[PDB]
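Engineer: One structure is given below, represented as structure tokens, and several questions about it will come after.
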Amino acid sequence: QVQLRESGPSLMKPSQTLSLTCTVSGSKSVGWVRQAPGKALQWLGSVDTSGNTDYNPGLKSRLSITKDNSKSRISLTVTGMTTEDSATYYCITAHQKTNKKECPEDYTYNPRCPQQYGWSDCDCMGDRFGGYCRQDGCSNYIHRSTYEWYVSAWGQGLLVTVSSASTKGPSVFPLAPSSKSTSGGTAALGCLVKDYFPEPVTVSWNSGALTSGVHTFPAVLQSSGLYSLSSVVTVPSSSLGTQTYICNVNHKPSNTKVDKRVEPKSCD
Amino acid sequence: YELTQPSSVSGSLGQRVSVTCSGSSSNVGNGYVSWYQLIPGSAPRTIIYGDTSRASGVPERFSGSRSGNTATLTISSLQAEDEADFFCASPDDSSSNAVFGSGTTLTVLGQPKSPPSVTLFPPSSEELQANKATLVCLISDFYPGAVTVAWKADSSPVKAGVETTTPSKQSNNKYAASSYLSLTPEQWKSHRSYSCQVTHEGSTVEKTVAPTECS
């Protein structure tokens, strides 16, 4: 059970260098794949247990990957970041293996048999015939792909935004239910997360203890260049004013966490 | 280099669909294609490896095949929770140089219809004290995931100041969306009401708030 955790900046300026880290826990190769919004997955590179590194040939000059076994990390460096490089960067582990042409067990490569007798599918001759060629000892090489690769574990991904605009933490405002906005025994209350940059923002309710009907909506990009979203949760109408309801807004890009209490709408 | 996939495929509940993945002898022809499922909001999920081998937890109705330089992912008995972007991938002339496909979006049709639940929030006291006003119209629990939002100031349409999100799936396979109307606190208070109209499958739900309505 391998767990992969990406860490690094959430915001780059144009032409800055992106340095990411992946911390591997549990126990091939460890590498990086990215996906820009609305675009296809793009393999970047990987480093195997022996220290060998490989890179997307179209991006190799910009990439660099290193490892540390004592720290159980790998890194990723990406030079000359542009808006084209804004993407979610996933740390991965991959199964890798190149299979040479091998004969099955109890068989040995013997080119004399097909060379001299013309037998088919007979590159290998059973060892039980002790170097002699018998057609009932023929065999092809082990049937298998020459190259094996696939992603065995995916990290959760780190969103990286390239922009000249600077980080901004969010302003959190309450979406308080009114006496007319309820839904009988339940009611919708939420928080408006306003004017932050870059993405992402996550929102829980009561430190995760409240999950029923929770939904965080996609963010809107205002003309100011700042994002806004809303999170809503459904709540017992009889509890409005008795139970405390707090939306925990986390904005990792600015190392900001806001716990906003949502109190019943009041006529002060 | 990128493997070629169809842009999208769709099927109704219980139906069968297949996604193709075309490459060349140096990658797909090598005979070790992998498939991945990406559900918006979750990390990518490995589904198939080695052309036909299923990852742990993948049911049998997810089948992988290959003929020459074209691999195929067949998904039978379609269920709503299958909706996702599917990508193929393969080694390319090497067991460490990997290539991905362009991706294919899967839509599962025929899910239970559901009208939208609409909640309209007026500007909060805190936002007004900061000299800004935002009406928040939250739309949830509807299928199909298509709605149109229109705003009213008193009884007349409002065109300026509106931002609406494209619908996305909730944790219960139904769709949700949000719309915002930006105002100055002055014009919030200078009119008797504001409304959010949500239209879904020909039927409309309208919610209204008034500056005079405290509590």
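Order-wise, the sequence lines are chains H and L. Residues 1 to 27, 32 to 82, 82A to 82C, 83 to 269 (the authors' numbering) are what the first sequence spells out, left to right. Residues 2 to 9, 11 to 27, 27A to 27B, 28 to 95, 95A to 95B, 96 to 106, 106A, 107 to 212 (the authors' numbering) are what the second sequence spells out, left to right. Yeah, the Cβ is synthetic: ideal placement off N, Cα and C, and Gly gets one too.
1. Under 8 Å, Cβ to Cβ, is there at least one residue of chain L near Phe-198/H?
2. Alpha carbons only, please: which of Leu-160/H, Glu-6/H, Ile-69/H and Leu-4/H is nearest the one belonging to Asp-52/H?
3. Return the chain-ordered list of same chain residues with a C-beta closer than 6 Å to the C-beta of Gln-194/L, the five sequence neighbours on each side being excluded.
4. Are the segment 83-92 of chain L and the segment 34-45 of chain L in contact at 8 Å, needing three or more beta carbon pairs?
5. Output, in sequence order along the chain, the residues in the segment 112-136 of chain L whose CB is closer than 7 Å to any CB in chain H.
6. Spatial neighbours of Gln-1/H within its chain, please: CB distance less than 8 Å, with the 5 preceding and 5 following residues excluded, ordered by chain position.
7. Expressed to the nearest angstrom, what Euclidean distance is found between the alpha-carbon atoms of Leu-11/H and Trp-150/H?
8. Can you tell me the Cβ-Cβ gap for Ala-43/L and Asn-170/L, rounded? I've got them flagged as a contact below 8 Å.
9. Straight-line CA distance for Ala-150/L to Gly-209/H?
10. In this structure, how does DSSP classify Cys-22/H when only helix, strand and coil are distinguished?
11. My understanding is that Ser-212/L touches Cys-92/H, with C-beta atoms under 8 Å, so please give their C-beta distance in whole angstroms.
12. Using three-state DSSP, classify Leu-45/H as helix, strand or coil.
13. Just to confirm before moving on: does the CB-CB distance between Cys-22/H and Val-34/H stay below 8 Å?
14. Applying a beta-carbon distance threshold of less than 7 Å, which residues of chain H neighbour residue 213/L?
15. Check whether chain H comes within 8 Å of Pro-91/L, counting only Cβ atoms and requiring the distance to be less than that.
16. Please state if the CB of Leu-160/H and the CB of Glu-103/H are separated by a distance shorter than 8 Å.
17. Mind checking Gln-184/L: buried by the 16 CB within 10 Å criterion, or exposed?
18. Taking one C-beta from the segment 155-175 of chain L and one from the segment 136-146 of chain L each time, how about it: are there three or more such pairs within less than 8 Å?
19. Please report the distance separating the alpha-carbon of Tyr-148/H from that of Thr-22/L.
20. If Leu-45/H sits next to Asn-60/H, beta carbons under 8 Å apart, how far is it from one beta carbon to the other, in whole angstroms?
21. Run through DSSP, which three-state label would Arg-189/L get?
22. Determine whether the Cβ of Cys-23/L lies closer than 8 Å to any Cβ atom of chain H.
23. So what does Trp-150/H bridge to, in DSSP terms?
24. Skipping 5 residues on each side, what residues in its chain have a beta carbon closer than 8 Å to that of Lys-32/H?
25. In the segment 124-174 of chain H, which residue ranges form an unbroken alpha helix (DSSP H) of at least 4 residues, counting only runs that do not cross its ends?
26. Name the two residues that bound the continuous alpha helix (DSSP H) containing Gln-116/H.
27. Under 7 Å Cβ to Cβ from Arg-145/H, same chain only, skipping five residues before and after it: list those, please.
28. Starting from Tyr-177/L, find everything on chain H with Cβ-Cβ shorter than 9 Å and list it in chain order.
29. Please state if the CB of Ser-232/H and the CB of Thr-187/H are separated by a distance shorter than 8 Å.
30. Quick check on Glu-203/L - is its C-beta less than 8 Å from some C-beta in chain H?
31. Run the CB neighbour count on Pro-120/L, radius 10 Å, all protein chains shown included, and call it buried at 16 or more, exposed below.
32. Please report the distance separating the alpha-carbon of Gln-244/H from that of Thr-70/L.
33. Using DSSP with H/G/I as helix, E/B as strand and the rest coil, what is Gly-50/L?
34. Would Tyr-246/H pass as an interface residue toward chain L - the criterion being a Cβ-Cβ separation below 8 Å?
35. Exposed or buried, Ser-205/H, counting other C-beta atoms within 10 Å across all chains shown (16 or more means buried)?
36. Below 8 Å, can you find three or more Cβ-Cβ pairs linking the segment 112-126 of chain L to the segment 173-183 of chain H?
Structural biologist: Checking against the coordinates, here is how it stands:
1. Output row for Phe-198/H: interface = no.
2. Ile-69/H
3. Excluding residues within five positions, the ones whose Cβ falls inside 6 Å are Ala-147, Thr-201 and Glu-203.
4. Output reads yes: the segment 34-45 of chain L touches the segment 83-92 of chain L.
5. Under the 7 Å Cβ criterion, the segment 112-136 of chain L contributes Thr-116, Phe-118, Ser-121, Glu-123, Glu-124, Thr-131, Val-133 and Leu-135.
6. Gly-26
7. 32 Å
8. Incorrect: roughly 19 Å between the Cβ atoms, too far for contact.
9. 38 Å
10. strand
11. Not quite, the Cβ-Cβ distance comes to about 50 Å (not below 8 Å), so this is no contact.
12. coil
13. yes
14. The question about residue 213/L has no answer, for chain L in this structure spans 2 to 212.
15. yes
16. no
17. Exposed, since its Cβ has fewer than 16 Cβ neighbours within 10 Å.
18. yes
19. 21 Å
20. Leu-45/H to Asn-60/H, Cβ: 11 Å. No contact.
21. When secondary structure is reduced to three states using DSSP, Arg-189/L falls in the coil class, being assigned neither helix nor strand.
22. no
23. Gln-97/H
24. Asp-52, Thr-53, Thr-94, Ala-95, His-96, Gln-97 and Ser-153
25. none
26. 113-118
27. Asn-100
28. In chain order: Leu-193, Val-221, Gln-223, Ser-229 and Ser-231.
29. no
30. no
31. buried
32. 59 Å
33. coil
34. No, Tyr-246/H does not count as interfacial toward chain L.
35. Buried, because 16 or more other Cβ atoms sit within 10 Å of the Cβ of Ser-205/H.
36. yes
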